[PDB]
Structures are given as structure tokens and as C-alpha cells.
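Here's a solo chain for you in C-alpha cells, the form deposited in one PDB entry.
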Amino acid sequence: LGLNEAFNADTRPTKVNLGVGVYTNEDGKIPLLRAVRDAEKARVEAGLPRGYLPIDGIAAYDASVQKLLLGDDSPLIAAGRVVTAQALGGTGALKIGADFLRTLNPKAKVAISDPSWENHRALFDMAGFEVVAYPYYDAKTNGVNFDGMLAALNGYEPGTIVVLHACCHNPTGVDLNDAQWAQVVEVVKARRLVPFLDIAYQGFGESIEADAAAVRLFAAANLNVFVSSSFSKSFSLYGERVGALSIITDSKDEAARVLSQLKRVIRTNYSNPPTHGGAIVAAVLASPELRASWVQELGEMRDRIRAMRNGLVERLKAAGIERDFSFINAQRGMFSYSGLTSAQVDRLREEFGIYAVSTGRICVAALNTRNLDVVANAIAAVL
């Protein structure tokens, strides 16, 4: 809210907001996705109210989410080992998961990445867990401190909840590769830790299918895996919390038990009907034609971000900056840690009207061909 307020108030014509957390197109606008336009045109032509879903609409959405996570013909889905609770009513899946995990073991510690989105820490701390951080981002290499990460996990007590970004790390853009995911899974299993995967940016990293790899690797490790899906970013629905909580369990018997406890926890805590936005996502993911349209456009969006990462590195070079910025191309999703100091971020803002987070976080999705040079040349001046 605050960086944004200051940017909105800045009277200079060449100002750029890299502090945001949403996708914009080449024109610098928040897109109305074709699938969303088309789901809405269909609802209006049918004469139905906002928020509408057909009789089997919630079930069809839950099924569609499980398929996005695990693949259209997964055996886990077959064995009855996946439970999903919709989060279409403005209570996000992360909150539903935190509340559910707190019923199972309120004394658990929660481990989050160093650094992590403000809301990971706030959510779990507010919920009553002791929150600790595992080593993750390494400012010296612009990569992962993986030795530090595994040593931390290897020291945690059984039942410790480990919150992992499946892909598109917020705020750093630094993701694990598979050698790393495999080793994390092995430690989580050996130490009896509880993995809670946040997948809010599925489709913004490598592909919808590739971005779920961490979920598929955990699901194959014969343990209970908690997954918070969120779709507001991929659907360009600013402020929505639309998503779903999925739990992959180690047996059909464990799924029956988890589902009965989950139902009781949700009935006790909240009954939130689908929002306008939540019903749009449900309608789109339920329809093969609309879904295909979303998949295609999300690809275009993912590819524009990749073009901006490539472009920024090239323009930083062209501006004569001596530092190696190749890490920007290795980072994934909407964000990068630029590596600028807080003083350098102050200068960018004050002298050039380029707004980044004090941590150096920039939103690469806010770049376009009309601001690349403005941004690159300003960074060069500050460095």
C-alpha cells in the first residue's frame, strides 16, 4: 500500500512502479484475460447472476484443481488419496490450511524461507505457531544457500511444518531445481516434517505442468502433503483470494480421515459462498474450451516475462554496468531480487522515480519495451 501510494503521488512523467505484485502487458495495463471475458459473456448471454455455478460446479472445480496439480490421469486421484477443499469465498487456501494444521498439532513450529512474503510470516504467527526461517536466498551468489537449507531441515523436530514455494519464489525469484527438490523431499520424509507447498503462480515459471513438479515429487514420497493453490495472479483478478487447499495422503484410509476432519473444521469456522471472481475461475477451469484459452494466454504472459528478463539483462549490459546480472535470467516468475542495497533503492526512487522494494525486489512483469532503457540506465547511474 505505501510504496504504491508514494508512486501514485509522484508527479514525474517517466516514473515506473517495479514494487507491484501483478502482471501487466506490453502496454503497461492489467489484462482482461480472453477466457475471463468469454466466461462472463457466456454467463450474461445466459442471463445468470455473478457468482453463479451449476449444480456440479464446485465438484468439477475441485477435480480440475487436482488435475492441474497431479496430471489428468494421476494414480493418486485414482486411489482416492487426494482431498480438495474449495477456497472460492475470500478465505484463501493458505488460511484454511493453517487453521487445519493448527487443529492437528497446535504446538508445531512453522519453518518459512529466508526471505519470504510478509504474509507467510504474518499468517502463521497470527495463527499461534512459532515461526522460524530456514536459509534459502544467498545474496553472495544470487542463488540458493542449499547446504544451509538442508542443515536447517535436518535439525527440525518431527511434525514441524515447512512452508515451501513450489515455483516462482516470492520475493526472490530463486527456485530449487530437481536435484534440490529430491533432496528436500528425502529430508522431509526422514525427519517426519509436514510439507506445505504454496503454488500461487502455477504457469508463470516454466509451464503449468513443470511448475507442479515439486507437488508431484512430494506426492510420490508416500506421506501427507498440503498444497495451497491460488489463481488470482494467473487470472489477473486483483485482490481475489480464489484458490483451493489440496491434501495428498499416504493411503485411502488416511484420506477418509483427513476429509472428515477437514469438513468439520471448515463447517465450524466459515461458510463463505463463491465470490464473483471465484465463480469465474471455477467456470473457466471446468470448461475445456475456456481452460484451453487460459492456458494459451498464461503461456503468452509467461513468455513476455521471460522476454523482459532477457531484455533487462541486455539493456543493463548495454548501459555499461560492470556487475554480472545473468542471475536475472535464472530467476523465475514475477519477481527478482535485484541485489540493490536499500540506499541504492532510495536513490532510484528519489533521483529517477523508479520504485523498487527496499529489499531490492523488482517485479519483472512491470517491465515493457518502452521502459526497459529508462530502468536499465537509472540502475546504471545508481551503481
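All residue numbers refer to positions in the sequence shown, first residue = 1. Rigid core (definition): largest C-alpha set, two forms, superposition within 1.5 Å.
Note that the form deposited in another entry isn't included here; everything after this is about it.
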| item | value |
| --- | --- |
| Residue among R309, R241, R302, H165 whose Cα moves 2 Å or more between this form and the one not shown, once the rigid core is superposed | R241 |
| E254 C-alpha shift between this form and the one not shown of 2 Å or more, rigid core reference | yes |
| Residue shift check between this form and the one not shown, rigid core fit, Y52 Cα at least 2 Å | yes |
| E289: Cα shift of 2 Å or greater between this form and the one not shown (core-aligned) | yes |
| Cα-Cα trend for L33 and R50, given that in the other entry the distance shifts by 3 Å or more | farther |
| Change in CA distance between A244 and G89 in the other entry, which is 3 Å or more, as closer or farther | closer |
